[PDB]
file input31.cif (mmCIF, C-alpha atoms and all ligand atoms)
data_model
loop_
_atom_site.group_PDB
_atom_site.id
_atom_site.type_symbol
_atom_site.label_atom_id
_atom_site.label_comp_id
_atom_site.auth_asym_id
_atom_site.auth_seq_id
_atom_site.Cartn_x
_atom_site.Cartn_y
_atom_site.Cartn_z
ATOM 1 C CA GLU A 1 15.981 16.291 -1.032
ATOM 2 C CA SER A 2 12.295 15.259 -0.945
ATOM 3 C CA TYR A 3 11.466 11.850 -2.398
ATOM 4 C CA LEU A 4 7.718 12.522 -2.425
ATOM 5 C CA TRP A 5 6.541 12.836 -6.036
ATOM 6 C CA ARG A 6 3.361 13.652 -7.876
ATOM 7 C CA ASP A 7 2.954 11.968 -11.262
ATOM 8 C CA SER A 8 4.637 14.844 -13.075
ATOM 9 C CA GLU A 9 7.668 14.742 -10.708
ATOM 10 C CA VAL A 10 8.454 11.029 -10.845
ATOM 11 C CA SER A 11 10.686 11.339 -13.909
ATOM 12 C CA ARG A 12 13.160 13.385 -11.870
ATOM 13 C CA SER A 13 13.640 10.536 -9.350
ATOM 14 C CA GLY A 14 16.551 9.069 -11.331
ATOM 15 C CA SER A 15 17.785 8.421 -14.863
ATOM 16 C CA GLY A 16 19.901 5.483 -16.016
ATOM 17 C CA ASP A 17 21.849 3.446 -13.462
ATOM 18 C CA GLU A 18 21.416 5.983 -10.637
ATOM 19 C CA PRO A 19 19.579 5.588 -7.328
ATOM 20 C CA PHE A 20 15.882 5.325 -8.267
ATOM 21 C CA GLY A 21 16.799 4.990 -11.979
ATOM 22 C CA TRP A 22 14.315 2.089 -12.145
ATOM 23 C CA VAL A 23 11.484 4.159 -10.596
ATOM 24 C CA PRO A 24 10.099 5.879 -13.736
ATOM 25 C CA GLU A 25 9.476 2.539 -15.430
ATOM 26 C CA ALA A 26 7.908 1.120 -12.268
ATOM 27 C CA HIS A 27 5.638 4.166 -12.167
ATOM 28 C CA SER A 28 4.571 3.603 -15.784
ATOM 29 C CA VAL A 29 3.915 -0.100 -15.190
ATOM 30 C CA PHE A 30 1.825 0.759 -12.131
ATOM 31 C CA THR A 31 -0.258 3.345 -13.975
ATOM 32 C CA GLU A 32 -0.783 0.974 -16.906
ATOM 33 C CA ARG A 33 -2.134 -1.674 -14.508
ATOM 34 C CA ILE A 34 -4.449 0.718 -12.627
ATOM 35 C CA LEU A 35 -5.759 2.451 -15.768
ATOM 36 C CA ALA A 36 -6.255 -0.667 -17.946
ATOM 37 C CA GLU A 37 -9.536 -0.663 -19.864
ATOM 38 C CA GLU A 38 -10.460 -4.353 -20.088
ATOM 39 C CA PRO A 39 -10.792 -6.036 -17.684
ATOM 40 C CA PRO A 40 -10.727 -2.910 -15.481
ATOM 41 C CA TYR A 41 -8.500 -2.867 -12.442
ATOM 42 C CA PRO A 42 -10.735 -4.209 -9.636
ATOM 43 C CA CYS A 43 -10.347 -1.274 -7.219
ATOM 44 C CA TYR A 44 -12.057 1.580 -8.976
ATOM 45 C CA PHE A 45 -11.062 3.904 -6.125
ATOM 46 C CA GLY A 46 -7.431 3.396 -7.079
ATOM 47 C CA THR A 47 -8.186 3.937 -10.769
ATOM 48 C CA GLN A 48 -10.164 7.100 -9.983
ATOM 49 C CA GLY A 49 -7.403 8.368 -7.701
ATOM 50 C CA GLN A 50 -4.911 7.917 -10.528
ATOM 51 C CA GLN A 51 -7.216 9.601 -13.083
ATOM 52 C CA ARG A 52 -7.812 12.545 -10.732
ATOM 53 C CA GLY A 53 -4.171 13.229 -9.913
ATOM 54 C CA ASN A 54 -4.573 12.152 -6.296
ATOM 55 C CA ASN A 55 -1.830 9.489 -6.148
ATOM 56 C CA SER A 56 1.619 10.362 -4.811
ATOM 57 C CA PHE A 57 4.754 8.243 -5.044
ATOM 58 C CA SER A 58 7.998 7.464 -3.287
ATOM 59 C CA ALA A 59 10.626 4.753 -3.373
ATOM 60 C CA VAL A 60 13.278 2.811 -1.496
ATOM 61 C CA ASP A 61 16.466 1.784 -3.304
ATOM 62 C CA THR A 62 17.795 -1.315 -1.549
ATOM 63 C CA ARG A 63 21.273 -0.696 -2.960
ATOM 64 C CA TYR A 64 21.574 2.554 -0.984
ATOM 65 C CA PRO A 65 19.850 1.909 2.346
ATOM 66 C CA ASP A 66 21.542 4.761 4.239
ATOM 67 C CA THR A 67 20.530 7.481 1.749
ATOM 68 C CA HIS A 68 17.533 6.070 -0.182
ATOM 69 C CA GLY A 69 16.100 3.843 2.501
ATOM 70 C CA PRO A 70 13.957 3.923 5.617
ATOM 71 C CA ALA A 71 15.226 7.228 6.994
ATOM 72 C CA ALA A 72 14.293 9.043 3.783
ATOM 73 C CA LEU A 73 10.998 7.133 3.537
ATOM 74 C CA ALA A 74 10.079 8.299 7.041
ATOM 75 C CA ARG A 75 10.534 11.886 5.852
ATOM 76 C CA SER A 76 8.508 11.141 2.705
ATOM 77 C CA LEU A 77 5.730 9.608 4.836
ATOM 78 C CA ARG A 78 5.585 12.627 7.142
ATOM 79 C CA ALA A 79 5.281 14.882 4.117
ATOM 80 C CA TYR A 80 2.688 12.612 2.545
ATOM 81 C CA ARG A 81 0.632 12.518 5.729
ATOM 82 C CA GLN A 82 0.386 16.312 5.691
ATOM 83 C CA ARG A 83 -0.631 16.239 2.031
ATOM 84 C CA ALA A 84 -3.173 13.469 2.653
ATOM 85 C CA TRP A 85 -5.119 15.609 5.148
ATOM 86 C CA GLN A 86 -4.981 18.853 3.149
ATOM 87 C CA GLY A 87 -5.872 17.553 -0.271
ATOM 88 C CA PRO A 88 -8.753 15.540 -1.574
ATOM 89 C CA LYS A 89 -10.110 12.905 0.788
ATOM 90 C CA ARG A 90 -9.090 9.907 -1.364
ATOM 91 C CA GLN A 91 -5.342 10.026 -1.884
ATOM 92 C CA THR A 92 -2.851 7.157 -1.884
ATOM 93 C CA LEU A 93 0.932 6.987 -1.513
ATOM 94 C CA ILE A 94 2.528 4.247 -3.617
ATOM 95 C CA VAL A 95 6.108 3.323 -2.640
ATOM 96 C CA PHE A 96 8.227 1.187 -4.957
ATOM 97 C CA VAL A 97 10.950 -0.928 -3.314
ATOM 98 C CA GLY A 98 13.611 -1.773 -5.871
ATOM 99 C CA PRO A 99 15.530 -2.576 -7.934
ATOM 100 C CA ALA A 100 13.363 -5.528 -8.909
ATOM 101 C CA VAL A 101 14.580 -8.928 -7.679
ATOM 102 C CA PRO A 102 14.352 -11.644 -10.372
ATOM 103 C CA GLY A 103 12.835 -14.828 -8.995
ATOM 104 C CA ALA A 104 11.805 -13.536 -5.568
ATOM 105 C CA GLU A 105 9.070 -15.563 -3.910
ATOM 106 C CA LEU A 106 6.011 -13.971 -2.346
ATOM 107 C CA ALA A 107 7.184 -14.874 1.166
ATOM 108 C CA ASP A 108 10.463 -13.055 0.462
ATOM 109 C CA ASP A 109 8.657 -9.869 -0.544
ATOM 110 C CA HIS A 110 6.392 -10.116 2.506
ATOM 111 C CA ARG A 111 9.424 -10.520 4.779
ATOM 112 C CA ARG A 112 10.943 -7.414 3.207
ATOM 113 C CA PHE A 113 7.661 -5.562 3.761
ATOM 114 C CA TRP A 114 7.533 -6.289 7.482
ATOM 115 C CA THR A 115 11.231 -5.491 7.877
ATOM 116 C CA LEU A 116 10.680 -2.099 6.255
ATOM 117 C CA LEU A 117 7.746 -1.343 8.546
ATOM 118 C CA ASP A 118 9.969 -2.295 11.496
ATOM 119 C CA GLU A 119 12.820 -0.067 10.345
ATOM 120 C CA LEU A 120 10.385 2.856 9.929
ATOM 121 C CA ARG A 121 9.404 2.664 13.601
ATOM 122 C CA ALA A 122 12.832 3.917 14.677
ATOM 123 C CA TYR A 123 12.382 7.037 12.551
ATOM 124 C CA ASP A 124 8.906 7.964 13.818
ATOM 125 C CA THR A 125 9.056 11.318 15.606
ATOM 126 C CA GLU A 126 5.594 10.988 17.176
ATOM 127 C CA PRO A 127 4.367 8.767 20.012
ATOM 128 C CA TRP A 128 2.198 5.798 19.187
ATOM 129 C CA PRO A 129 -1.502 6.822 19.072
ATOM 130 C CA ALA A 130 -3.461 6.285 22.288
ATOM 131 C CA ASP A 131 -6.508 4.874 20.483
ATOM 132 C CA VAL A 132 -4.610 1.976 18.846
ATOM 133 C CA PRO A 133 -3.102 -0.823 20.971
ATOM 134 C CA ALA A 134 0.646 -1.012 20.471
ATOM 135 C CA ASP A 135 0.776 -4.810 20.952
ATOM 136 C CA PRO A 136 0.608 -6.429 17.469
ATOM 137 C CA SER A 137 -1.152 -9.457 18.971
ATOM 138 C CA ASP A 138 -4.088 -7.265 19.975
ATOM 139 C CA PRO A 139 -7.161 -7.769 17.759
ATOM 140 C CA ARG A 140 -7.297 -3.973 17.314
ATOM 141 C CA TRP A 141 -3.636 -3.400 16.387
ATOM 142 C CA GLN A 142 -2.976 -1.417 13.231
ATOM 143 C CA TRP A 143 0.306 -0.059 11.938
ATOM 144 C CA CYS A 144 0.781 3.536 13.065
ATOM 145 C CA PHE A 145 3.232 6.247 12.100
ATOM 146 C CA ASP A 146 3.474 10.002 12.673
ATOM 147 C CA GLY A 147 0.637 9.975 15.151
ATOM 148 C CA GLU A 148 -2.111 7.965 13.474
ATOM 149 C CA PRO A 149 -2.988 4.511 12.102
ATOM 150 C CA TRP A 150 -2.661 3.841 8.384
ATOM 151 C CA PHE A 151 -4.083 1.339 5.989
ATOM 152 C CA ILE A 152 -1.189 -0.341 4.232
ATOM 153 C CA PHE A 153 -0.778 -3.304 1.959
ATOM 154 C CA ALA A 154 2.018 -5.052 0.073
ATOM 155 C CA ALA A 155 1.893 -5.652 -3.662
ATOM 156 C CA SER A 156 4.358 -7.945 -5.403
ATOM 157 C CA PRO A 157 4.950 -9.512 -8.824
ATOM 158 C CA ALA A 158 4.868 -12.864 -7.011
ATOM 159 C CA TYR A 159 1.069 -12.610 -6.691
ATOM 160 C CA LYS A 160 0.266 -14.994 -9.532
ATOM 161 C CA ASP A 161 -3.371 -15.785 -8.680
ATOM 162 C CA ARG A 162 -4.285 -12.610 -6.771
ATOM 163 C CA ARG A 163 -3.243 -10.595 -9.835
ATOM 164 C CA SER A 164 -4.892 -7.455 -8.448
ATOM 165 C CA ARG A 165 -1.942 -7.253 -6.031
ATOM 166 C CA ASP A 166 0.674 -7.511 -8.805
ATOM 167 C CA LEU A 167 1.364 -3.838 -9.526
ATOM 168 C CA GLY A 168 4.600 -4.379 -11.429
ATOM 169 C CA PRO A 169 8.087 -5.789 -10.994
ATOM 170 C CA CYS A 170 8.832 -4.459 -7.488
ATOM 171 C CA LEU A 171 7.554 -4.980 -3.992
ATOM 172 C CA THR A 172 5.217 -2.006 -3.761
ATOM 173 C CA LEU A 173 3.757 -0.548 -0.551
ATOM 174 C CA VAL A 174 0.386 1.193 -0.754
ATOM 175 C CA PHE A 175 -0.312 3.629 2.099
ATOM 176 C CA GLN A 176 -3.449 5.579 3.002
ATOM 177 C CA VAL A 177 -4.558 7.567 5.993
ATOM 178 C CA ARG A 178 -7.910 6.476 7.351
ATOM 179 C CA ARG A 179 -9.580 9.630 5.980
ATOM 180 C CA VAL A 180 -9.938 7.807 2.669
ATOM 181 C CA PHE A 181 -12.671 5.596 4.094
ATOM 182 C CA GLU A 182 -14.844 8.441 5.328
ATOM 183 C CA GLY A 183 -18.241 7.816 3.752
ATOM 184 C CA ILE A 184 -17.711 4.116 3.021
ATOM 185 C CA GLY A 185 -17.619 2.597 6.465
ATOM 186 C CA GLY A 186 -18.609 -1.082 6.411
ATOM 187 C CA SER A 187 -22.041 -0.490 7.990
ATOM 188 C CA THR A 188 -22.826 2.164 5.417
ATOM 189 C CA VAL A 189 -25.011 1.784 2.344
ATOM 190 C CA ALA A 190 -22.216 3.289 0.269
ATOM 191 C CA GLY A 191 -19.604 0.977 1.770
ATOM 192 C CA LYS A 192 -21.657 -2.097 0.943
ATOM 193 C CA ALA A 193 -22.020 -0.884 -2.639
ATOM 194 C CA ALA A 194 -18.270 -0.224 -2.774
ATOM 195 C CA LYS A 195 -17.435 -3.762 -1.680
ATOM 196 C CA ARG A 196 -19.895 -5.173 -4.225
ATOM 197 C CA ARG A 197 -18.294 -3.259 -7.046
ATOM 198 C CA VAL A 198 -14.714 -4.115 -6.104
ATOM 199 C CA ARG A 199 -15.486 -7.782 -5.508
ATOM 200 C CA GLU A 200 -17.298 -8.027 -8.867
ATOM 201 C CA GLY A 201 -14.177 -6.556 -10.452
ATOM 202 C CA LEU A 202 -12.003 -9.080 -8.636
ATOM 203 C CA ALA A 203 -14.117 -11.889 -10.227
ATOM 204 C CA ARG A 204 -13.202 -10.606 -13.686
ATOM 205 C CA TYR A 205 -9.520 -10.100 -12.923
ATOM 206 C CA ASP A 206 -8.097 -12.555 -10.389
ATOM 207 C CA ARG A 207 -7.561 -16.320 -10.457
ATOM 208 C CA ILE A 208 -8.604 -16.580 -6.793
ATOM 209 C CA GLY A 209 -11.564 -14.905 -5.135
ATOM 210 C CA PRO A 210 -11.632 -12.330 -2.350
ATOM 211 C CA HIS A 211 -9.635 -13.417 0.642
ATOM 212 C CA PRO A 212 -11.717 -14.505 3.671
ATOM 213 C CA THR A 213 -9.881 -12.032 5.921
ATOM 214 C CA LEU A 214 -11.285 -9.125 3.914
ATOM 215 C CA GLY A 215 -14.515 -9.765 5.777
ATOM 216 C CA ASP A 216 -17.974 -11.087 5.216
ATOM 217 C CA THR A 217 -12.840 -7.038 11.242
ATOM 218 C CA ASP A 218 -10.219 -7.825 13.885
ATOM 219 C CA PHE A 219 -6.571 -8.542 13.057
ATOM 220 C CA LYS A 220 -6.249 -6.115 10.163
ATOM 221 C CA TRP A 221 -2.558 -7.021 9.886
ATOM 222 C CA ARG A 222 -3.534 -10.132 7.937
ATOM 223 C CA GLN A 223 -4.881 -7.953 5.135
ATOM 224 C CA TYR A 224 -1.553 -6.163 4.789
ATOM 225 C CA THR A 225 0.110 -9.302 3.353
ATOM 226 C CA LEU A 226 -2.627 -11.467 1.865
ATOM 227 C CA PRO A 227 -1.389 -14.870 0.664
ATOM 228 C CA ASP A 228 -1.892 -15.942 -2.935
ATOM 229 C CA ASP A 229 -4.343 -18.687 -1.844
ATOM 230 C CA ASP A 230 -7.111 -19.164 0.748
ATOM 231 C CA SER A 231 -4.729 -19.784 3.660
ATOM 232 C CA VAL A 232 -5.487 -17.869 6.860
ATOM 233 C CA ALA A 233 -2.625 -16.870 9.151
ATOM 234 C CA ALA A 234 -2.806 -17.315 12.897
ATOM 235 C CA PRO A 235 -4.241 -14.114 14.429
ATOM 236 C CA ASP A 236 -1.436 -13.665 16.987
ATOM 237 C CA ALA A 237 1.320 -14.257 14.404
ATOM 238 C CA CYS A 238 1.876 -10.755 13.042
ATOM 239 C CA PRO A 239 5.618 -10.571 12.195
ATOM 240 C CA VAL A 240 6.177 -7.013 13.488
HETATM 241 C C1 LIG A 301 -3.540 3.078 -6.058
HETATM 242 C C2 LIG A 301 -4.492 3.023 -5.121
HETATM 243 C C3 LIG A 301 -5.204 1.728 -4.724
HETATM 244 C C4 LIG A 301 -4.904 0.458 -5.006
HETATM 245 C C5 LIG A 301 -3.690 -0.096 -5.802
HETATM 246 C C6 LIG A 301 -5.903 -0.381 -4.419
HETATM 247 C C7 LIG A 301 -5.931 -1.748 -4.478
HETATM 248 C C8 LIG A 301 -6.950 -2.539 -3.987
HETATM 249 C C9 LIG A 301 -7.017 -3.983 -4.039
HETATM 250 C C10 LIG A 301 -5.948 -4.908 -4.649
HETATM 251 C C11 LIG A 301 -8.155 -4.386 -3.468
HETATM 252 C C12 LIG A 301 -8.664 -5.828 -3.283
HETATM 253 C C13 LIG A 301 -8.448 -6.304 -1.839
HETATM 254 C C14 LIG A 301 -6.996 -6.334 -1.437
HETATM 255 O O1 LIG A 301 -6.167 -6.931 -2.162
HETATM 256 O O2 LIG A 301 -6.631 -5.766 -0.367
HETATM 257 C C15 LIG A 301 -8.870 -3.212 -3.041
HETATM 258 C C16 LIG A 301 -10.075 -3.212 -2.393
HETATM 259 C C17 LIG A 301 -10.706 -2.112 -1.883
HETATM 260 N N1 LIG A 301 -10.223 -0.816 -1.889
HETATM 261 FE FE1 LIG A 301 -8.618 -0.162 -3.021
HETATM 262 N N2 LIG A 301 -6.820 0.439 -3.794
HETATM 263 C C18 LIG A 301 -6.418 1.752 -3.962
HETATM 264 C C19 LIG A 301 -7.050 2.870 -3.464
HETATM 265 C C20 LIG A 301 -8.192 2.870 -2.690
HETATM 266 C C21 LIG A 301 -8.809 4.006 -2.058
HETATM 267 C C22 LIG A 301 -8.236 5.428 -2.133
HETATM 268 C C23 LIG A 301 -9.892 3.593 -1.392
HETATM 269 C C24 LIG A 301 -10.911 4.434 -0.582
HETATM 270 C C25 LIG A 301 -11.219 5.676 -0.975
HETATM 271 C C26 LIG A 301 -10.019 2.169 -1.612
HETATM 272 C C27 LIG A 301 -11.025 1.368 -1.113
HETATM 273 C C28 LIG A 301 -11.141 0.017 -1.290
HETATM 274 C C29 LIG A 301 -12.258 -0.811 -0.899
HETATM 275 C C30 LIG A 301 -13.500 -0.275 -0.172
HETATM 276 C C31 LIG A 301 -11.991 -2.087 -1.238
HETATM 277 C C32 LIG A 301 -12.872 -3.343 -1.058
HETATM 278 C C33 LIG A 301 -12.543 -4.062 0.236
HETATM 279 C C34 LIG A 301 -13.443 -5.259 0.402
HETATM 280 O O3 LIG A 301 -14.140 -5.643 -0.580
HETATM 281 O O4 LIG A 301 -13.447 -5.778 1.525
HETATM 282 N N3 LIG A 301 -8.959 1.751 -2.392
HETATM 283 N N4 LIG A 301 -8.105 -2.107 -3.353
HETATM 284 N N1 LIG A 302 -8.040 -4.960 1.679
HETATM 285 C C1 LIG A 302 -8.334 -3.701 1.369
HETATM 286 N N2 LIG A 302 -7.711 -3.119 0.356
HETATM 287 N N3 LIG A 302 -9.246 -3.057 2.087
HETATM 288 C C2 LIG A 302 -9.686 -1.689 1.829
HETATM 289 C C3 LIG A 302 -10.626 -1.181 2.923
HETATM 290 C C4 LIG A 302 -9.994 -1.316 4.309
HETATM 291 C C5 LIG A 302 -10.971 -1.142 5.475
HETATM 292 N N4 LIG A 302 -11.516 0.213 5.490
HETATM 293 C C6 LIG A 302 -10.264 -1.444 6.795
HETATM 294 O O1 LIG A 302 -9.947 -0.526 7.557
HETATM 295 O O2 LIG A 302 -9.989 -2.609 7.125
#
call {"tool": "encode", "arguments": {"input": "input31.cif", "output": "structure tokens", "more": "lines below"}}
Ligand code: HEM
Ligand SMILES: NC(=[NH2+])NCCC[C@H](N)C(=O)O
result
Amino acid sequence: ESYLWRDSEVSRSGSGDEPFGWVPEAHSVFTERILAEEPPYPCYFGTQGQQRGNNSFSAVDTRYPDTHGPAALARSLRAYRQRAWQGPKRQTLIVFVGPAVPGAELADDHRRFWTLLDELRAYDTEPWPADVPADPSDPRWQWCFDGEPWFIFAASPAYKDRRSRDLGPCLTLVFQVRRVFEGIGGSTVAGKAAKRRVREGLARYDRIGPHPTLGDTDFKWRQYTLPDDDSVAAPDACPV
């Protein structure tokens, strides 16, 4: 009944042409990308999280939206949020949205991403947090669920130049609670070293450099769905 999986549980998601039958292969493709030796995956935090058993997984099967869709993902997210505050600091939930769609464009996957975030709102059982403005045009808006803001981004096979965001054949949502950044705040010595290391890795991996919206940080929504080029979306244009 729970669709929240540790690595060792993903194989039981589905087998053959069943709901989630495509999830085990997506999980393997994801881990291959994140654990690749040369060039290394640019975000060493993600690689380390995978190596240390701190990544959890879920999925949405678009063929079965009423049973394997946003309502179930809301339950999975509530369970993940509990896990994310009890376990190690640096955990990530990776959610595969499938089956894969041959020929989808990046804008299509981004539209699906924002739609899924919108559908999740109806299933949130907690009020919106008082410290985060609820208006998505506010410079300080962040996506919130189950009582707190999250960091979230969309990965897609349609990221041809920003290869670091191609995690396999499906639209893939990467969720973290903000606890993961404790110790690497942007002002911090450690945070500046972290950005150096990741951005050096990006320059060995991607066909386009770090996006300007990553910072040099209002309007975080623009980082959720980076474009594949240097375009910069209008700040008040968040689709939610
Ligand atoms: C599977 C897990 C993860 C994946 C797939 C992942 C992916 C990425 C990617 C693609 C980037 C480049 C920028 C972007 O596209 O947004 C990035 C940057 C970064 N990530 Fe990760 N990440 C993961 C986990 C984590 C965790 C757990 C942390 C914190 C503990 C973290 C901290 C950072 C930092 C500090 C940057 C650099 C941001 C900058 O240079 O402005 N990541 N990550
Ligand atoms: N684009 C990224 N993956 N950024 C990772 C760090 C996010 C940063 N701590 C923030 O809250 O904005």
call {"tool": "residues_near_ligand", "arguments": {"input": "input31.cif", "ligand": "ligand LIG 301 (chain A)", "cutoff": "7 Å", "atoms": "only C-alpha atoms and all ligand atoms", "output": "PDB file with C-alpha atoms, in the coordinates of the input"}}
result
ATOM      1  CA  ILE A  34      -4.449   0.718 -12.627  1.00  0.00           C
ATOM      2  CA  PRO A  42     -10.735  -4.209  -9.636  1.00  0.00           C
ATOM      3  CA  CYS A  43     -10.347  -1.274  -7.219  1.00  0.00           C
ATOM      4  CA  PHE A  45     -11.062   3.904  -6.125  1.00  0.00           C
ATOM      5  CA  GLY A  46      -7.431   3.396  -7.079  1.00  0.00           C
ATOM      6  CA  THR A  47      -8.186   3.937 -10.769  1.00  0.00           C
ATOM      7  CA  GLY A  49      -7.403   8.368  -7.701  1.00  0.00           C
ATOM      8  CA  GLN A  50      -4.911   7.917 -10.528  1.00  0.00           C
ATOM      9  CA  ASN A  55      -1.830   9.489  -6.148  1.00  0.00           C
ATOM     10  CA  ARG A  90      -9.090   9.907  -1.364  1.00  0.00           C
ATOM     11  CA  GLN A  91      -5.342  10.026  -1.884  1.00  0.00           C
ATOM     12  CA  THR A  92      -2.851   7.157  -1.884  1.00  0.00           C
ATOM     13  CA  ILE A  94       2.528   4.247  -3.617  1.00  0.00           C
ATOM     14  CA  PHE A 153      -0.778  -3.304   1.959  1.00  0.00           C
ATOM     15  CA  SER A 164      -4.892  -7.455  -8.448  1.00  0.00           C
ATOM     16  CA  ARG A 165      -1.942  -7.253  -6.031  1.00  0.00           C
ATOM     17  CA  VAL A 174       0.386   1.193  -0.754  1.00  0.00           C
ATOM     18  CA  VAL A 180      -9.938   7.807   2.669  1.00  0.00           C
ATOM     19  CA  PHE A 181     -12.671   5.596   4.094  1.00  0.00           C
ATOM     20  CA  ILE A 184     -17.711   4.116   3.021  1.00  0.00           C
ATOM     21  CA  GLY A 191     -19.604   0.977   1.770  1.00  0.00           C
ATOM     22  CA  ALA A 194     -18.270  -0.224  -2.774  1.00  0.00           C
ATOM     23  CA  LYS A 195     -17.435  -3.762  -1.680  1.00  0.00           C
ATOM     24  CA  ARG A 196     -19.895  -5.173  -4.225  1.00  0.00           C
ATOM     25  CA  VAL A 198     -14.714  -4.115  -6.104  1.00  0.00           C
ATOM     26  CA  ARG A 199     -15.486  -7.782  -5.508  1.00  0.00           C
ATOM     27  CA  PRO A 210     -11.632 -12.330  -2.350  1.00  0.00           C
ATOM     28  CA  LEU A 214     -11.285  -9.125   3.914  1.00  0.00           C
ATOM     29  CA  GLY A 215     -14.515  -9.765   5.777  1.00  0.00           C
ATOM     30  CA  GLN A 223      -4.881  -7.953   5.135  1.00  0.00           C
TER      31      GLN A 223
END
call {"tool": "resolve_selection", "arguments": {"input": "input31.cif", "expression": "the PyMOL selection byres (((chain A and resi 10) around 12) and not hetatm)", "output": "VMD selection string"}}
result
chain A and resid 2 to 9 11 to 15 20 to 28 55 to 59 94 to 96
call {"tool": "resolve_selection", "arguments": {"input": "input31.cif", "expression": "the PyMOL selection byres (((chain A and resi 98) around 7) and not hetatm)", "output": "VMD selection string"}}
result
chain A and resid 60 to 62 96 to 97 99 to 100 170
call {"tool": "residues_around", "arguments": {"input": "input31.cif", "residues": "residue 177 (chain A)", "least_positions_apart": "2", "cutoff": "8 Å", "atoms": "all atoms listed in the file", "output": "ChimeraX atom specification"}}
result
/A:81,84,148-151,175,179-180
call {"tool": "resolve_selection", "arguments": {"input": "input31.cif", "expression": "the PyMOL selection byres (((chain A and resi 232) around 9) and not hetatm)", "output": "list in words"}}
result
residues 211, 212, 213, 222, 226, 227, 229, 230, 231, 233, 234 and 235 of chain A
call {"tool": "atom_distance", "arguments": {"input": "input31.cif", "atom1": "CA of residue 18 (chain A)", "atom2": "CA of residue 110 (chain A)"}}
result
25.6 Å
call {"tool": "atom_distance", "arguments": {"input": "input31.cif", "atom1": "CA of residue 120 (chain A)", "atom2": "CA of residue 30 (chain A)"}}
result
23.8 Å
call {"tool": "axis_aligned_box", "arguments": {"input": "input31.cif", "around": "region 16-29 of chain A", "padding_each_side": "3 Å", "output": "AutoDock Vina command-line options"}}
result
--center_x 12.9 --center_y 2.9 --center_z -11.7 --size_x 23.9 --size_y 12.1 --size_z 14.7
call {"tool": "closest_residue", "arguments": {"input": "input31.cif", "among": "A:132, A:140, A:207, A:32", "to": "residue 168 (chain A)", "atoms": "only C-alpha atoms"}}
result
A:32
call {"tool": "atom_distance", "arguments": {"input": "input31.cif", "atom1": "atom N2 of ligand LIG 302 (chain A)", "atom2": "CA of residue 183 (chain A)"}}
result
15.6 Å
call {"tool": "closest_residue", "arguments": {"input": "input31.cif", "among": "A:134, A:208, A:152, A:158", "to": "ligand LIG 302 (chain A)", "atoms": "only C-alpha atoms and all ligand atoms"}}
result
A:152
call {"tool": "closest_residue", "arguments": {"input": "input31.cif", "among": "A:155, A:104, A:189, A:203", "to": "ligand LIG 302 (chain A)", "atoms": "all atoms listed in the file"}}
result
A:155
call {"tool": "closest_residue", "arguments": {"input": "input31.cif", "among": "A:102, A:69, A:197, A:143", "to": "residue 129 (chain A)", "atoms": "all atoms listed in the file"}}
result
A:143
call {"tool": "closest_residue", "arguments": {"input": "input31.cif", "among": "A:161, A:89, A:72, A:1", "to": "residue 182 (chain A)", "atoms": "all atoms listed in the file"}}
result
A:89
call {"tool": "residues_around", "arguments": {"input": "input31.cif", "residues": "residue 112 (chain A)", "least_positions_apart": "3", "cutoff": "12 Å", "atoms": "only C-alpha atoms", "output": "ChimeraX atom specification"}}
result
/A:60,62,70,97-98,101,104-109,115-119,154-156,170-173,225,239-240
call {"tool": "closest_residue", "arguments": {"input": "input31.cif", "among": "A:76, A:48, A:217, A:188", "to": "ligand LIG 302 (chain A)", "atoms": "all atoms listed in the file"}}
result
A:217
